[PDB]
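One chain comes next, on its own, written as structure tokens: the form deposited in one PDB entry.
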């Protein structure tokens, strides 16, 4: 067993510009969860599935790296 962690991680290094959801929000596949500044663009990071936002692990302005947990889904 490994506990399945429903965590959305950064696809690439960057800076969190804004968070588009709140704990408890219902989300759909493809829905923007936050905006990441990377590759000289503001990239919306999508939810990979339908679900509920359980926890927000980063704050606006935070620098993240590849694979770093950003949002946990319920």
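Residue numbers count along the first chain shown, from 1.
Unshown form deposited with a partner chain bound; subsequent notes refer to it.
Contact check at 4.5 Å (heavy atoms) against the partner chain in the entry with it bound: none of 50, 55 and 69 pass. Taking the partner from elsewhere, residue 60 is found to have a heavy atom lying within 4.5 Å of the partner chain in the entry with it bound.
The partner chain in the entry with it bound is not approached by residue 21, whose heavy atoms all lie more than 4.5 angstroms from it. When the partner chain is considered in the entry with it bound, residue 17 lines it closely, a heavy atom lying within 4.5 Å.
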